[PDB]
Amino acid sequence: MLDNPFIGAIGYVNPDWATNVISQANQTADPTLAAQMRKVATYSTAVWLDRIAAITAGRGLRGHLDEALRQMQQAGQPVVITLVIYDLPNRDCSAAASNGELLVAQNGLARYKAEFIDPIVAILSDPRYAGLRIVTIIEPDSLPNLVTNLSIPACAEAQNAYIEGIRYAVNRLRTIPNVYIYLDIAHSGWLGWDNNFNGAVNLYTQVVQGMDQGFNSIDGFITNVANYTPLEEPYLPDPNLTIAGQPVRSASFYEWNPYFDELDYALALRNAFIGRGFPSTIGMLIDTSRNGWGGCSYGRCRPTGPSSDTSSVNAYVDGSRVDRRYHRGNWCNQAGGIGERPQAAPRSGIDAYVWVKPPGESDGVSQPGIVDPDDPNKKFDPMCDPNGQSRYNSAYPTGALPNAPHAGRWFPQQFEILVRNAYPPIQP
């Protein structure tokens, strides 16, 4: 097994995603923007397995792997393909409504094992795929809920199913020598606060210790999956900097969380885990699909330096931060921009920047009353209401873009915004 599966391999390019990008480019009048979109279509994105049907629907898992083989033959070098394993029972428990098809109280764990993990493992075990590097991102929005959201019944009731399900997934995937396993661990705006950070380190250490190969059962962790938090806040590098008598982390946007960005957070987690007994061979991934924050939205353009307004900590932070969301918890259909392109080993301790969430795919439908004919499990979430307030702090708007289709479906208005706001900007 390699120390870093992203070194010496090219990323899988999903033709089904690229087809959507190119279709929009062909319908885009501005020749420069259209050319930028065509360039975007050449980049590598992860394949999401978000329900049992996803295993065989369309080209299916085998189809993507066969396509990866073709790209590998064509390129004359290894291909690394990223798969998102995302179907735990009581999935996304902190939402009032789960889009997940499996329920803990109705044989969810057992079905997760037999009908989701098992057939995935059988396909990945096919000797035909031995030449690939297969990266599996394990269950976004699962374990972090057990740190912060146990007050929510759906989360508290799912605890042991999450633990046993993730252990089962990793234990089975570890039997396949070219599978590289990264556990999802949210983002800095979720687990950055001291109590959450320590709670997460404790929890993930317990979860991994109980796996068959203990601390050797995984290859590392991933942050920022499907979120927008920047890699770096270059103009807020010191969370303890005093402005008007107070440290900048005390700003309303941060609420005393000292982690303003994903590099600080991912590297701190990695060091903490190594301190708990994980081998230094672990590496972190960060999803940079939508965290560039170029262009302008939410009443601001990207800052080009620390704010000149040192009159209050809020004025300073709000004028200095690259993440210009109204509130850090605003996760749905944000007017952000594409971030750093997928790349291997950008920093010591970081295995790669990856595009896990595929840019252009919706985070959720923007209003209730509309049922997805292909998945009646997908349900409107008020965080996606362009006219609504955040459920985490009602003083702030959701920031969600209007006219969004159901989650996973192509959202051309956001895709155009994501390309225009790319940082670094897309070059045709």
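In case it trips you up, residue 1 is the first one in the sequence shown, and so on.
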- Note on the structure: Averaging the C-alpha temperature factors as deposited, the higher value of 202 to 210 versus 236 to 244 falls on 236 to 244
- Stretch exceeding the other in mean C-alpha B-factor - 150 to 158, 84 to 92: 150 to 158
- Select one of 220, 337, 275, 140: the residue whose C-alpha shows the highest B-factor in the crystal structure entry. 275
- Could you tell me which one of 181, 72, 345, 121 shows the highest CA temperature factor in the PDB record? 72
- Note on the structure: Among the modelled residues of its chain, the C-alpha B-factor of residue 43 falls in the third labelled middle
- Thinking about Cα B factors across the chain, which third does residue 378 belong to? lowest
- What third of its chain, lowest, middle or highest, does the C-alpha temperature factor of residue 408 fall into? lowest
- Query: Compared with the other modelled residues in the chain, in which third is the CA B-factor of residue 188?
  - Reply: lowest
- Please rank the C-alpha B-factors of the chain's modelled residues and tell me whether residue 353 sits in the lowest, middle or highest third. lowest
